[PDB]
Amino acid sequence: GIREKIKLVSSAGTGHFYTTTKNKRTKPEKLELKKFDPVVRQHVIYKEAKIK
Amino acid sequence: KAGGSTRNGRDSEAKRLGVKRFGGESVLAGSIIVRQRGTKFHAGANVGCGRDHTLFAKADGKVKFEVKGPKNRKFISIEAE
Amino acid sequence: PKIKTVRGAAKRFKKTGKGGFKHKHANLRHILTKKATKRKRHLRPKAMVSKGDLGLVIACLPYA
Amino acid sequence: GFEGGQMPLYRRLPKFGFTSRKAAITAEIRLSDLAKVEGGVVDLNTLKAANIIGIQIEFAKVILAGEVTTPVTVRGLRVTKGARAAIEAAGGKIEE
RNA sequence: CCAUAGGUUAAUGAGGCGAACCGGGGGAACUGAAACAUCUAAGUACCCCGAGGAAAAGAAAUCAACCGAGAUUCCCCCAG
RNA sequence: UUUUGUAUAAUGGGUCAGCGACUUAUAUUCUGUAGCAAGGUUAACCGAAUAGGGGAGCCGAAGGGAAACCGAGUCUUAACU
RNA sequence: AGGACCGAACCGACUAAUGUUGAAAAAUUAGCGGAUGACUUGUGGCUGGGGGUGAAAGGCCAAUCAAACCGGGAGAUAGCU
RNA sequence: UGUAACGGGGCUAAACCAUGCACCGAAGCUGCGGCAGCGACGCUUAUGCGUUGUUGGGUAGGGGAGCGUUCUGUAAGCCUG
RNA sequence: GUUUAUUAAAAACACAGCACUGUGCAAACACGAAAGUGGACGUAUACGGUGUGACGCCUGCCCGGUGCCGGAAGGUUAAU
RNA sequence: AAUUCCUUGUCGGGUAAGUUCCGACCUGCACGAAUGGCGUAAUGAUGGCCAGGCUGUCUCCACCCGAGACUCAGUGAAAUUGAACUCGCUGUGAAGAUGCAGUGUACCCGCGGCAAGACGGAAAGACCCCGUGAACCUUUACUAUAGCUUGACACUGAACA
RNA sequence: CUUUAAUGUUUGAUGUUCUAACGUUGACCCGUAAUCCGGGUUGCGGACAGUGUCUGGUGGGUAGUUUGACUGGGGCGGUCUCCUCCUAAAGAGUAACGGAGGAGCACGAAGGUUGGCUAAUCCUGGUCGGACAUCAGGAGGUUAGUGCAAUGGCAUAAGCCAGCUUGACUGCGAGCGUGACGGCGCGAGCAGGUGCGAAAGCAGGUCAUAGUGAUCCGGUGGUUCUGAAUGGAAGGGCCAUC
Ligand SMILES: [Mg+2]
Ligand SMILES: [Mg+2]
Ligand SMILES: [Mg+2]
Ligand SMILES: [Mg+2]
Ligand SMILES: [Mg+2]
Ligand SMILES: [Mg+2]
Ligand SMILES: [Mg+2]
Ligand SMILES: [Mg+2]
Ligand SMILES: [Mg+2]
Ligand SMILES: [Mg+2]
Ligand SMILES: [Mg+2]
Ligand SMILES: [Mg+2]
Ligand SMILES: [Mg+2]
Ligand SMILES: [Mg+2]
Ligand SMILES: [Mg+2]
Ligand SMILES: [Mg+2]
Ligand SMILES: [Mg+2]
Ligand SMILES: [Mg+2]
Ligand SMILES: [Mg+2]
Ligand SMILES: [Mg+2]
Ligand SMILES: [Mg+2]
Ligand SMILES: [Mg+2]
Ligand SMILES: [Mg+2]
Ligand SMILES: [Mg+2]
Ligand SMILES: [Mg+2]
Ligand SMILES: [Mg+2]
Ligand SMILES: [Mg+2]
Ligand SMILES: [Mg+2]
Ligand SMILES: [Mg+2]
Ligand SMILES: [Mg+2]
Ligand SMILES: [Mg+2]
Ligand SMILES: [Mg+2]
Ligand SMILES: [Mg+2]
Ligand SMILES: [Mg+2]
Ligand SMILES: [Mg+2]
Ligand SMILES: [Mg+2]
Ligand SMILES: [Mg+2]
Ligand SMILES: [Mg+2]
Ligand SMILES: [Mg+2]
Ligand SMILES: [Mg+2]
Ligand SMILES: [Mg+2]
Ligand SMILES: [Mg+2]
Ligand SMILES: [Mg+2]
Ligand SMILES: [Mg+2]
Ligand SMILES: [Mg+2]
Ligand SMILES: [Mg+2]
Ligand SMILES: [Mg+2]
Ligand SMILES: [Mg+2]
Ligand SMILES: [Mg+2]
Ligand SMILES: [Mg+2]
Ligand SMILES: [Mg+2]
Ligand SMILES: [Mg+2]
Ligand SMILES: [Mg+2]
Ligand SMILES: [Mg+2]
Ligand SMILES: [Mg+2]
Ligand SMILES: [Mg+2]
Ligand SMILES: [Mg+2]
Ligand SMILES: [Mg+2]
Ligand SMILES: [Mg+2]
Ligand SMILES: [Mg+2]
Ligand SMILES: [Mg+2]
Ligand SMILES: [Mg+2]
Ligand SMILES: [Mg+2]
Ligand SMILES: [Mg+2]
Ligand SMILES: [Mg+2]
Ligand SMILES: [Mg+2]
Ligand SMILES: [Mg+2]
Ligand SMILES: [Mg+2]
Ligand SMILES: [Mg+2]
Ligand SMILES: [Mg+2]
Ligand SMILES: [Mg+2]
Ligand SMILES: [Mg+2]
Ligand SMILES: [Mg+2]
Ligand SMILES: [Mg+2]
Ligand SMILES: [Mg+2]
Ligand SMILES: [Mg+2]
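Shown next as structure tokens:
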């Protein structure tokens, strides 16, 4: 179970987040995806943050 | 003279596959017809194929089993009703 | 003496109009990143208590 | 709730919600209860004198249930839309 | 050394018993939890001290909610 | 009596007579029955008193929602075909 | 002189038989060990229950001991008969 | 342990095969009589009365209807030297 | 010599002796909420505990583990 | 070997013959030095073996003496017990029959004896399993704790360095 | 400001001595006719010791308890959840300490879409080069491949290359399947916003079926929903998540 879990924080200022996993050994670079934000009702770039 | 064992005790649960509605059997839209692993059957008219190759009715009507194609594959279609 | 209410079932169940009981679904408290959003979306709304387990609830909740 | 040693239903299932203290001091009023007061005015102290809502109650709504056949002044209470139409049709005067 | 401790006389009172109720000082475990240790049983049983015909408490550094109530004790609700 | 199953060589009883085991209290639900009926009913207590009074209250006639709140609708949702 | 020797009282209890609803809830008969010693016995006293005492067998503590007896919690609990 | 591998006697059919007509044989079926349950239908129900079918083994267990005992009212009544 | 009164008297216990170890006296230790008492009206040639068990010849190697004793430089570490 | 499984180890002695005994060997399953090693005079109601004497222990029992047993008179129990008009055999069958089936045998009732059966009597099997039973005991099981010990504060102060 | 001294107090640390607390199971006197005790003188010790509260360690010395089930008897051994095949008797389902195998993940591309492509093996020829690298042709026709076990599928490929991308979307969900239940599964379509494609269309993770853990308790972010006189707040609730 080396594939740790992270969260994809909205860059729209909202604290909305998707949660997911990654292999931080083989993918050291940060994950950035363009996902739907249901508060703003737009597709906004999300960035990787810690699952906390 | 005590001894032995059995490395072969396991089995899984029965998944209850098969054909839920047979031919000439009136169904509602969305009704599961067949649950199956592969495409042992194939989706014909007014019949959708699920994520797990489950055949469901997209409309209302009677189930029609039929063999089509050059490979003699078994298709399921919904007749109007 | 009075019957005493099972206070956990009083914190877990609510009586509806025709006498049925609503309850929260399970499986929506943790371990949530591996579950599909469809599953969670069908677990947020309250569900009715089934006919089989409705007797144990009424036995635990005598005062409605 | 004992199911054998199986985990019973009231512990398989999660707790939810909280209890509002304001709901214990709120009440709902039929339109049929409006005639049971005297003076043709409806307050909290009038309904409590008529033994309808109870003493500790501080808030009350009037709901379209039953029917009224007399003009009644409603004062200091919330009224639903259908009860507002039935009161104003029977001659009432909803105020604050 | 004074003094004090101590000694002796005299007067008054107490002591002991007793069914329950009462106030207080200590204070279990079996059991139940389908085990068990937190918990329960239960401040129960038991022991001890003291009192009265009853005792205890008692005249707000109390509640309430911006309206107000007006010592203590007891019963029915509130409310399982 | 217990048992898949006892003439069982499975249990119990020497016999007679007497005693000997699903109760009681309070809550709750259902059925029946009786009274009143969108209302029904009082407890404490008073009372010379199984009366009458007493309607503190309880249940019901409205629900939904975690809740505020809305109300024959309400919740979910930006909004529901 | 002797925790010396043989051997009665006295103390003990190795073997056999009897007896085993006994004469006796541990004894009798025939033999047996010690018998001036770490002996034995009388009277009175002290140690109290998770405690005593024990040349130590879990032995003894009123015919009861891997925790006495009596009363109480107590109608403990018993998914067992 | 005693014939002891037709149930026995016994059987050369009183065995076997085939066919046929008889008969015996159950608490089965039928007959006669009687009780009760549940349904029909009709009456004109007195809320049960004809006819009518059919049903009636039964543990655990569920439902329905009763007998008898002691005591209280009826009862300062009735029975009883 | 002792022992399972009531199925075991023995090779079991004890024993004289030996060794280790504690104890400086208000001794250690033990019984006691405590006061106190025993040890002991004794004082290291004494007392307690443990093991062995007359006498004769002897008692060899291992301190890694677990204990105990001694150390106090460093690390860690409580209430405060 | 109070220790040795293999083992009645092998050899020797003793005996007509010795899985025991004694003495050796050592291949010590799995002795061993104060939970002492090896010897050891004396002692032991101690364990094993051998011999002499002795004898009813036995070959193989016989007779006798007494106390019962047996009979009479008197008193007078007990355990046990569903009811009994309470046979054998073969079979059957909760799988080992007085009671069933088939068959055989048997006049009714005592007394003295024996003990093969009544799965005989006595004691709700002590063995075994089970119980979310109990008790006691153990320990580097868990959680506590007496006790011992450490330090802080208090009782607790004054000076000097 | 930097760097330390002076004087003094606020004061801690270790000694140094003292006496007045405290101790005395040292002597003497009195109560006293008394080896207790108390008082007094004196000597020694001396703020030590010793007690109380708090605290760390040790602590079977003592106490309360736990120490699983299946089991061709119990123990020992093995097993306990999930997936695949057979047993399983041509719908589903179906047991044994029956026969055989796997899982407790992976992937930010190994997902989506558009476009295109089609294997294994063998034969011949051919530099190093060899049974077997790469190259060309031919037979063959999926005997291959599928991230991993088995089964069922797969050419319209679900297999293999490249481009652009994030639908590995949020709210819902008619209707069915499956379970005693908790729960698990499939799902067209709707609203919003998005990607690829000219477009029709496809996309709510992967060819499917294993890759998992209830509740409680607690943590983090968001949200006035609540907020015990009132305004806030704490705390709670709801949503996401650990
Ligand atoms: Mg949550
Ligand atoms: Mg469990
Ligand atoms: Mg307890
Ligand atoms: Mg207990
Ligand atoms: Mg319990
Ligand atoms: Mg008074
Ligand atoms: Mg005022
Ligand atoms: Mg019986
Ligand atoms: Mg049986
Ligand atoms: Mg039965
Ligand atoms: Mg049986
Ligand atoms: Mg029979
Ligand atoms: Mg018999
Ligand atoms: Mg019998
Ligand atoms: Mg039995
Ligand atoms: Mg009997
Ligand atoms: Mg009787
Ligand atoms: Mg009732
Ligand atoms: Mg009624
Ligand atoms: Mg609606
Ligand atoms: Mg002598
Ligand atoms: Mg003698
Ligand atoms: Mg002698
Ligand atoms: Mg023993
Ligand atoms: Mg005794
Ligand atoms: Mg005791
Ligand atoms: Mg005990
Ligand atoms: Mg009790
Ligand atoms: Mg009892
Ligand atoms: Mg013929
Ligand atoms: Mg007949
Ligand atoms: Mg008949
Ligand atoms: Mg008839
Ligand atoms: Mg019949
Ligand atoms: Mg019947
Ligand atoms: Mg019955
Ligand atoms: Mg009468
Ligand atoms: Mg001796
Ligand atoms: Mg003796
Ligand atoms: Mg004895
Ligand atoms: Mg003896
Ligand atoms: Mg002393
Ligand atoms: Mg020894
Ligand atoms: Mg040594
Ligand atoms: Mg060491
Ligand atoms: Mg040390
Ligand atoms: Mg430290
Ligand atoms: Mg050995
Ligand atoms: Mg041997
Ligand atoms: Mg020999
Ligand atoms: Mg011999
Ligand atoms: Mg020898
Ligand atoms: Mg040894
Ligand atoms: Mg040694
Ligand atoms: Mg020795
Ligand atoms: Mg006689
Ligand atoms: Mg008798
Ligand atoms: Mg027989
Ligand atoms: Mg006879
Ligand atoms: Mg016999
Ligand atoms: Mg005899
Ligand atoms: Mg017997
Ligand atoms: Mg028994
Ligand atoms: Mg213990
Ligand atoms: Mg078991
Ligand atoms: Mg075994
Ligand atoms: Mg099948
Ligand atoms: Mg089938
Ligand atoms: Mg793929
Ligand atoms: Mg294509
Ligand atoms: Mg080549
Ligand atoms: Mg793919
Ligand atoms: Mg796959
Ligand atoms: Mg819990
Ligand atoms: Mg607010
Ligand atoms: Mg506030």
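Residue numbers (this note's numbering), protein chains in the order written: chain C, 444 to 495; chain R, 18 to 98; chain A, 1083 to 1146; chain D, 30 to 125.
For each residue, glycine too, the CB sits at the ideal point set by N, CA and C.
Residue i, buried or exposed, once every other Cβ within 10 Å from all chains shown has been counted against 16
i, result
"residue 60 of chain R", "buried"
"residue 43 of chain R", "exposed"
"residue 454 of chain C", "exposed"
"residue 1113 of chain A", "exposed"
"residue 1145 of chain A", "exposed"
"residue 70 of chain D", "exposed"
"residue 80 of chain R", "buried"
"residue 47 of chain D", "exposed"
DSSP-derived helix/strand/coil call for residue i
i, result
"residue 1137 of chain A", "helix"
"residue 118 of chain D", "helix"
"residue 1089 of chain A", "helix"
"residue 55 of chain D", "strand"
"residue 1120 of chain A", "helix"
"residue 39 of chain D", "helix"
"residue 76 of chain D", "helix"
"residue 33 of chain D", "coil"
"residue 89 of chain D", "strand"
"residue 76 of chain R", "coil"
"residue 65 of chain R", "strand"
"residue 64 of chain D", "coil"
"residue 44 of chain D", "coil"
"residue 112 of chain D", "helix"
Counterpart residues of residue i in DSSP-defined beta bridges
i, result
"residue 60 of chain R", "R:93"
"residue 104 of chain D", "D:124"
"residue 452 of chain C", "C:460 and C:490"
"residue 35 of chain R", "R:52"
Residues near residue i in its chain [Cβ-Cβ closer than 8 Å; skip 5 each side]
i, result
"residue 33 of chain R", "52"
Chain-order list of residues whose beta-carbon lies under 6 Å from that of residue i (same chain, five-residue window excluded)
i, result
"residue 78 of chain R", "95, 96, 97 and 98"
"residue 59 of chain D", "94 and 95"
"residue 91 of chain R", "58 and 84"
"residue 494 of chain C", "448, 449 and 450"
Nonlocal neighbours in the same chain, by C-beta distance under 7 Å from residue i, ignoring five residues either side
i, result
"residue 1107 of chain A", "1125 and 1129"
Residue i CB to nearest heavy atom of ligand 2 below 7 Å
i, result
"residue 34 of chain D", "yes"
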